Every structure is written in structure tokens, then in C-alpha cells.
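Only one structure is covered here, and it is reproduced in the block below.
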Amino acid sequence: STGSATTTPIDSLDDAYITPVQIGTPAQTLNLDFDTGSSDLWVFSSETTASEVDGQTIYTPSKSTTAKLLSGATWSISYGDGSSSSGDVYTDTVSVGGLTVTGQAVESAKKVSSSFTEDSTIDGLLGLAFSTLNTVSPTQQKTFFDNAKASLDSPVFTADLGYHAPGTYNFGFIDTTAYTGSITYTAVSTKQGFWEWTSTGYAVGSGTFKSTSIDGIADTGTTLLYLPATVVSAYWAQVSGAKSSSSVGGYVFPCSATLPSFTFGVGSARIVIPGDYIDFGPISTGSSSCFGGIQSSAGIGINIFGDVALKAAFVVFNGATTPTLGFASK
């Protein structure tokens, strides 16, 4: 089997992407944030504290003839941005772009933090990291990809995120028309539960490539590119007037600037992020100070190849017995 679904930016900045997902019988369609940095499929629901729901579409398990309470199971998750959610668990039928999994754990939110409530466009998350990170207790549950894998034509999914435009998540096949050149594959460590790999270096604009190993994670659920402070300083030093602002929380730059590109290495291959992809717009409405799309990871503990980087590539998440990542230009 295979599946194919369109993923759409939630706003004019590409702050995140939503993909329609069918849950239950008859189908209830929710727009979920596919997140290769976490492993829980959770939704706003009829159980979510009413004051914490503000415009989202909810899953109502009592209206699904295939929903079953997973007795005794609870979940609770906290994300790198400080947001969080928790609740109980059902199993139900879940379909993405024509690919169906029966018995998928659907984690129903009883509580969500303010940033989720305040974002009316995201109805929940669909985790695509390794199932060892799933938070369900006392019986850990499998991701949608893990449950579908054995049925797929090939044990892979691909992320093809657009810049200010829709893109695609495919399951079970590699669309050879969606990228240019060849796909370069690189090793993955699953020891932390992430799609963790090592970039071979970077360049700023038309500058020379610096060969240096950069360990990080391929994370569709993080907006920006978070890299070591040395790398980030080298980038922003090429932008007149750019500075790190403790009050704003990162590098800012004059909105009048034209930004240089940023290149990262994948083995001997190179992925070029155009400068425009690094512009996240005014820090506040009407400001002439703009927020940068490359930021320091120094306060995180891990480097994160988020959407800024991934949307410059066609990315293969290869879930073979020994997982690997593939990157192609597009």
C-alpha cells in the first residue's frame, strides 16, 4: 500500500504545516501537524477542557463506531518550545492520503497549553519519530508509520515541504518526479528516538564550504534551523545590522536586508537554503526589525534541522531495519 497527502502552511511565514487526517467511522477529518521530532498522535477532542478550545476541529470518539477506549492508558507530553498537552487514549481507524491503519492509538487531549489553544489552525499532532519516544503509559504505543510499515510497498515516508506553498507527505514510495539529481543517503542514530544524523558542514552565501561535523535531528515539527553558536554567528555576520537580541530571544536583522543563502552538507552533497527562506518577518506588527530563521541551539542541547532546512530539500525517512535519511535538491 501507499498514501499521499498534501501539507499546507498554516500562515504566511510557514510557521508550521497541516495535513488532513481521517479518524474514525464515519471519518472525522482533522488537520494535524506531522512532527518527525515526536511520537504521539494526539488530537483536540470532545474531552478537551472547553475553555482551552478556540476554533479547532475536535475528534468525538463517541460518534465513531470503531473507537475503543484503551483502558487505563494516559499520556502527557512537553515540547521544546514549552508547550504541552495530556489526556487519555482510544484506538481507532486512521487514514492519511488513502493509507489506512486500524487500531491506531489516538491520544485524546483533556488539557492543552495556551499556545495550542491560541493556534486555531492545528487540531493536533501526528508524531513520526521513533516509537520509543511515545508517552502513553503504562503501555507505550506505536506511531502511525510504525503501524503502517509492514503493509507499505517500501518502508519509507517522504517530506516535501513548500516555501510559502503547499507540499506533500508520501508513505510507502519515493516519487522520482519530485526532486532533481540524486538522493544522498546518510546514517541515522536512533539512540535518542529521533531521526538523528550528522551534516558534513556548511557555507554562508557564496563563501567557501567549511567541512565540520554537525550532529542534529530532522524535525518537521520545528519551524527554524537551530545550529551551533559558531555557525550561526558566521551566518549573521554577513548581514549588515544583524544582532542577537536577548529581549527578543534570538538573532534579528533589518527588514530592509537581502539575506544570503545557507548551504548544509549531506555527505558529499550540498543543500542550499535560499536567503528568503531565512526571513521570518517583523518581530511585532509594523516593526522594521525582522526575526531570523537560523538561530543558536546553544540553549537546547541538540541541533535541529527544522522546516527552514527541510523545505529546501526532498527528504526520505527510510524506516528499513537500519534506518537512514535521504536528501535531494528540488
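Going by Swiss-Prot, the residues shown for chain A are 90-419, listed in order.
The backbone N, Cα and C atoms fix where each Cβ goes, and this holds for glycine too.
So that you can see what the record holds, here are the features copied from Swiss-Prot:
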ACT_SITE  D124  active site
ACT_SITE  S288  active site
DISULFID  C344-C379  disulfide bond
DOMAIN    106-417  domain 'Peptidase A1'
Do any residues at least six apart in sequence from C344 (disulfide bond), in the same chain, have a Cβ closer than 8 Å to its Cβ, and if so which, in order? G370, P371, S376, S377, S378, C379
Taking the Cβ of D124 (active site) as the reference point, list residues of the same chain whose Cβ is under 8 angstroms away and which are at least six residues distant in sequence. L214, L215, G216, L217, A218, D308, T309, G310
If you count Cβ atoms within 10 Å of the Cβ of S288 (active site), leaving out that atom itself, what do you get? 22
Quick one: what's DSSP say for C379 (disulfide bond), helix, strand or coil? strand
Suppose we draw a 10 Å sphere around the Cβ of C379 (disulfide bond). How many other Cβ atoms does it contain, all chains included? 21
